[PDB]
Amino acid sequence: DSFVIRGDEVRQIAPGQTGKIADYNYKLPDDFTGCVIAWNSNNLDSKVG
Amino acid sequence: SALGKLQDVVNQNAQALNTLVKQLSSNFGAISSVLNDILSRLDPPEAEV
């Protein structure tokens, strides 16, 4: 999967975590057997204005 | 003092049943002994423990 979220919502992408970005947009199961990969991208996805 | 053994057996069975019933009112280290209250007060990820 591939999506772009903010910094304070990266912790919500995890099995068991709940909130706003993890309950209405993208929900992970409690038995999720995988690896979450995220990194800062404040160089091409943020224009002036 | 004649019907002693039968009375003792009946009392032992009654005490065993009463203890088995009262064991449902213990926390065993949890926050409470009410499954509904636990599920209502905590989200499933935390209430699973």
# chains A, B, ... in the order shown; residues from 1 in each chain; ligands from 1
>>> residues_around(residues="residue 17 (chain A)", least_positions_apart="5", cutoff="12 Å", atoms="only C-alpha atoms", output="list in words")
residues 9, 10, 11, 12, 22, 23, 26, 27, 28, 29, 30 and 32 of chain A; 43, 44, 45 and 46 of chain B
>>> atom_distance(atom1="CA of residue 5 (chain A)", atom2="CA of residue 21 (chain A)")
8.3 Å
>>> residues_around(residues="region 38-40 of chain A", least_positions_apart="5", cutoff="12 Å", atoms="only C-alpha atoms", output="PyMOL selection string")
chain A and resi 1-11+13-14+45-46
>>> write_last_selection(atoms="C-alpha atoms", output="PDB file, in the first residue's frame")
ATOM      1  CA  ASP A   1       0.000   0.000   0.000  1.00  0.00           C
ATOM      2  CA  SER A   2       1.043   3.605  -0.617  1.00  0.00           C
ATOM      3  CA  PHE A   3      -0.351   6.790   0.923  1.00  0.00           C
ATOM      4  CA  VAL A   4       0.835  10.119   2.331  1.00  0.00           C
ATOM      5  CA  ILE A   5      -0.075  11.186   5.872  1.00  0.00           C
ATOM      6  CA  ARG A   6       1.249  13.779   8.318  1.00  0.00           C
ATOM      7  CA  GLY A   7       3.899  13.253  10.971  1.00  0.00           C
ATOM      8  CA  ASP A   8       1.582  13.021  13.979  1.00  0.00           C
ATOM      9  CA  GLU A   9      -0.492  10.303  12.255  1.00  0.00           C
ATOM     10  CA  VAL A  10       2.340   7.867  11.466  1.00  0.00           C
ATOM     11  CA  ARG A  11       1.947   6.232  14.889  1.00  0.00           C
ATOM     12  CA  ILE A  13      -0.771   3.171  11.274  1.00  0.00           C
ATOM     13  CA  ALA A  14      -0.250   0.114  13.476  1.00  0.00           C
ATOM     14  CA  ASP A  45       5.071  16.892  -1.711  1.00  0.00           C
ATOM     15  CA  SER A  46       4.860  20.411  -0.234  1.00  0.00           C
TER      16      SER A  46
END
>>> residues_around(residues="region 22-32 of chain B", least_positions_apart="4", cutoff="12 Å", atoms="only C-alpha atoms", output="list in words")
residues 15, 16, 17, 18, 36, 37, 38, 39, 40, 41, 42, 46, 47, 48 and 49 of chain B
